Amino acid sequence: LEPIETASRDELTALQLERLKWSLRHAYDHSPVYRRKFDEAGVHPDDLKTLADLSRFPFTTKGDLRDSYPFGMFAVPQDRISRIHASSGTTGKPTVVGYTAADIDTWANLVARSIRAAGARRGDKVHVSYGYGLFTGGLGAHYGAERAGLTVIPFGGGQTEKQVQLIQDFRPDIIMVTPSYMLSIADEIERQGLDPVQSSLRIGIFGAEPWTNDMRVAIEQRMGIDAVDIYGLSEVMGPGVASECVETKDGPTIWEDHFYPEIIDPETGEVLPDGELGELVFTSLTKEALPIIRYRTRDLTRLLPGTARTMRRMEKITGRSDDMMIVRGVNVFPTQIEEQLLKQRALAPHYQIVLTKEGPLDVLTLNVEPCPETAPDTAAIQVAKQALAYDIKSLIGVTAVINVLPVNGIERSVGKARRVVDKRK
Amino acid sequence: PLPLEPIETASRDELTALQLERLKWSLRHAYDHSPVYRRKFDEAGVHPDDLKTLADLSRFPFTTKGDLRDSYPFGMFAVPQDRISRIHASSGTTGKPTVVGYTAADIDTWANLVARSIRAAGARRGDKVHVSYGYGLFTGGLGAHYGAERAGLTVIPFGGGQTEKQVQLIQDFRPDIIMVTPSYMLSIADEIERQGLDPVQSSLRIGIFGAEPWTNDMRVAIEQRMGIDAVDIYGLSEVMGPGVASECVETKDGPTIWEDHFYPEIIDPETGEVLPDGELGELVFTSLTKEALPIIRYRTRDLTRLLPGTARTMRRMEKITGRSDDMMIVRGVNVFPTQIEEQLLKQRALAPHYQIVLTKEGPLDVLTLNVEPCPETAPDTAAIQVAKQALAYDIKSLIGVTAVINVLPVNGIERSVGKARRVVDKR
Ligand SMILES: Nc1ncnc2c1ncn2[C@@H]1O[C@H](COP(=O)(O)OP(=O)(O)OP(=O)(O)O)[C@@H](O)[C@H]1O
Ligand SMILES: Nc1ncnc2c1ncn2[C@@H]1O[C@H](COP(=O)(O)OP(=O)(O)OP(=O)(O)O)[C@@H](O)[C@H]1O
Ligand SMILES: [Mg+2]
Ligand SMILES: [Mg+2]
Ligand SMILES: [Mg+2]
Ligand SMILES: [Mg+2]
Ligand SMILES: [Mg+2]
Ligand SMILES: [Mg+2]
């Protein structure tokens with residue numbers, strides 16, 4: 001481990017304060033957007049005397065980045081930008097980010113830290129299935145595994161049959177991949193009559209989208225691995241903003257020596273005490289090219305005390321604020337549905353939620369599949385469909401039309417699964 | 001200009017001496033640590049210390065594709081697993097992909113040689129590089145990426161596909177250099193023109209095109225269309241990846257081989273005899289500095305000739321004529337797709353897109369050349385008729401081959417995303 005990972009909280013705090021002061025000054029001096037934002041908010045970098053003072057400073061939102069496209073957020077000259085990446089476009093036009101060579105180095109060290117936290121060992125191979133390209137996931141995973149001194153197998157997305165061929169042949173110890181795509185790889189392993197538990201894989205590091213504890217336990221049992229959660233977003237850096245320690249599996253530990261977290265009430269912008277659910281906000285402490293100050297992530301979670309590290313954790317992401325569905329008056333996230341689906345051993349872990357209107361009433365249709373083994377077993381499927389409907393009603397408050405499709409009926413994820421098709425318009 | 005390394009123009013005497021020392025090391029490393037080379041050298045009755053000068057290299061046995069295939073996945077490796085930093089693979093063009101590995105030192109060298117290649121293309125401080133080569137197990141994309149990043153440039157790691165979006169980002173990000181296959185460049189150019197833009201007025205100044213053969217005539221065509229300088233970069237996964245050799249933009253006289261790291265020979269592919277420089281034959285490489293996968297006298301199956309250094313001390317290769325695998329035998333006459341390309345490009349009424357289809361009709365090899373009009377000339381039936389006839393005549397009179405010229409509609413030929421499939425052999 002790095003010394004900082006077990007430093008005292010006093011030591012960490014002091015380090016954060018020094019770096020936050022630097023970052024605020026760097027943004028104000030070198031990022032025209034932040035000179036304007038700070039002036040129009042009536043604050044100066046000098047106003048930060050303690051970490052609690054961060055709440056004086058304005059927020060940065062997606063809109064700020066969209067307005068400055070492509071390169072208006074940068075705080076260094078274009079000749080110092082070593083790398084361009086973009087967000088994935090999930091909510092709209094991708095936003096563009098940049099990195100100096102030092103920022104690439106920092107990112108590589110943080111992803112390496114996250115891979116260590118997952119339980120990596122000298123001699124491990126890493127099979128990277130996160131997409132390579134303008135997306136931050138693939139190249140971020142790549143550089144971090146390479147920095148960790150491991151054997152990098154840079155496969156990227158797609159070609160499921162080939163990925164399974166190479167998992168057999170190359171015997172990777174670690175896979176870095178979305179949890180939804182992991183399911184497709186697991187299916188393919190089983191489709192070929194192989195036993196996925198006996199795969200060489202020891203560790204899965206899954207991120208890029210929400211996945212429940214229930215999902216983790218299912219995947220762990222099916223693949224014979226430890227699975228840990230890695231979090232990031234492109235505005236802040238990419239994967240490796242936070243990652244779970246495999247010895248606790250209690251939500252990603254935030255690398256807050258580099259990215260300082262807050263939680264706010266999304267409606268008011270007020271800061272909440274640790275433990276309360278709301279919107280996750282980050283400020284970069286060491287970023288050169290694109291310092292980012294109080295970025296409202298639109299990801300919903302809560303901050304929790306350090307366990308396996310000095311650094312605090314986040315709870316597993318509940319969802320994006322954009323993920324929230326309002327169904328006949330009840331607010332529901334896809335993860336809530338997923339938790340109930342994963343109780344049914346007779347059903348696959350694949351799903352899609354389709355929202356419609358029938359007259360004036362909302363209708364939520366949950367499309368599921370049997371496991372391939374259970375498909376012919378009508379009695380098992382029938383119990384599953386009824387128990388799932390009863391769990392969603394009793395625990396979530398929504399009446400879900402459960403619709404069991406043939407095996408392979410649901411379009412498989414290519415990366416970030418689309419959990420929801422809202423046809424209500 | 002971005003700086004030359006001193007070795008790039010140091011004396012040939014100094015270069016020879018350092019090649020010899022590195023070759024002695026590489027042969028020992030292979031023999032001592034690669035269990036395949038221990039077997040190969042022992043069976044040929046040679047030992048590393050048989051190499052006294054560079055002229056002795058042709059005493060050593062060849063390595064072929066089959067050697068690699070027989071060693072899948074990791075049988076060629078010459079360092080322990082925990083020193084392997086990276087796995088890549090060949091593209092599968094001719095069969096099952098062959099797997100290669102790299103230590104950290106290897107990855108560093110590769111990044112240095114791709115940077116050297118990008119500098120040779122005329123890159124400048126502050127340039128943005130749009131990388132359109134595929135990212136993944138293929139060596140191209142990550143090889144280009146690391147090299148552009150090592151040169152200190154601004155890397156835009158797009159990768160393959162999504163042509164409309166690549167064009168949007170060529171507009172929005174205004175890159176200076178694009179690294180891409182010549183056949184996929186053609187698609188990008190089409191899409192620029194389709195979105196109503198003048199491709200000459202693109203921000204791009206330099207195209208660095210490899211991964212497949214493309215003629216000097218194709219070069220001049222793309223240069224005029226895009227308003228760029230276009231240079232050729234060569235590589236193959238067994239040897240390293242892209243950056244084995246790269247053209248100097250000031251001479252455009254075929255890729256200069258980085259023979260401080262990869263020592264080239266040319267052989268008669270039938271006999272294995274080494275040919276004097278200047279004669280066409282099969283290219284053969286020996287790595288001088290590689291750790292994880294030393295490769296000794298690898299028979300590339302690429303056909304070319306060696307030429308004296310011009311812009312560098314290092315020798316050049318001619319632009320690749322083709323793979324051995326590309327050669328068609330058509331009614332007793334040997335013909336390469338690049339020869340067909342040269343004639344196609346004389347026709348201003350026809351696009352630069354093509355694909356050859358080989359069938360048999362009784363005794364006859366039928367070579368059908370699928371072409372398209374230019375967008376502007378598609379409705380001009382007379383111009384297209386003359387282009388067809390003139391192209392058939394050129395192929396017959398200059399190559400000795402009867403071809404059927406099949407004019408498809410615009411977009412009738414499946415577009416390349418990387419290495420175009422030039423020949424579909426249905427015989
Ligand atoms: N471990 C994870 N848990 C749940 N969500 C995750 C995790 N890792 C990443 N995400 C989601 O992915 C987002 C980062 O993705 P990225 O920056 O590539 O673009 P995006 O948010 O998908 O698309 P866009 O910003 O264009 O709408 C995070 O903010 C979060 O919503
Ligand atoms: N600049 C170039 N001009 C001509 N052809 C090239 C050039 N660069 C690379 N190539 C071709 O690509 C080959 C290297 O590609 P790679 O190692 O990815 O696998 P492949 O040869 O296409 O597939 P496989 O070896 O599996 O049949 C070269 O040997 C050559 O045939
Ligand atoms: Mg986002
Ligand atoms: Mg296992
Ligand atoms: Mg189940
Ligand atoms: Mg090959
Ligand atoms: Mg131009
Ligand atoms: Mg033409």
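Quick note on labels: first sequence line is chain A, next is B, and so on, each numbered from 1.
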What part of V99(B) gets closer than 4.5 Å to chain A, counting heavy atoms only: side chain, backbone, both or neither? side chain
So does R66(A) have more than 12 non-hydrogen atoms from other groups sitting under 6.0 Å from CZ? yes
Tell me, out of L153(B), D127(B), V129(B), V131(B), who's got the most heavy-atom pairs with chain A below 4.5 Å. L153(B)
Checking an interface table here. Which of residues 74-91 of chain B come within a heavy-atom distance under 4.5 Å of chain A? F74(B), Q81(B), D82(B), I84(B), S85(B), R86(B), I87(B), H88(B)
Scored by heavy-atom pairs under 4.5 Å with chain B, the best of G133(A), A101(A), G138(A) is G133(A)
Hey, which of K125(A), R122(A), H142(A) has the most heavy atom pairs under 4.5 Å with chain B? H142(A)
Flag if over 12 foreign heavy atoms under 6.0 Å of CZ, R415(B): yes
Between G157(A), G149(A), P70(A), which has the largest tally of heavy atom pairs under 4.5 Å with chain B? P70(A)
Between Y102(B), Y72(B), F138(B), which residue shows the highest count of heavy-atom pairs closer than 4.5 Å to chain A? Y72(B)
Whatever's closer than 4.5 Å to a heavy atom in chain A on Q168(B) counts as side chain
Considering only heavy atoms and a distance below 4.5 Å, find which of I107(B), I156(B), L142(B) pairs most often with chain A. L142(B)
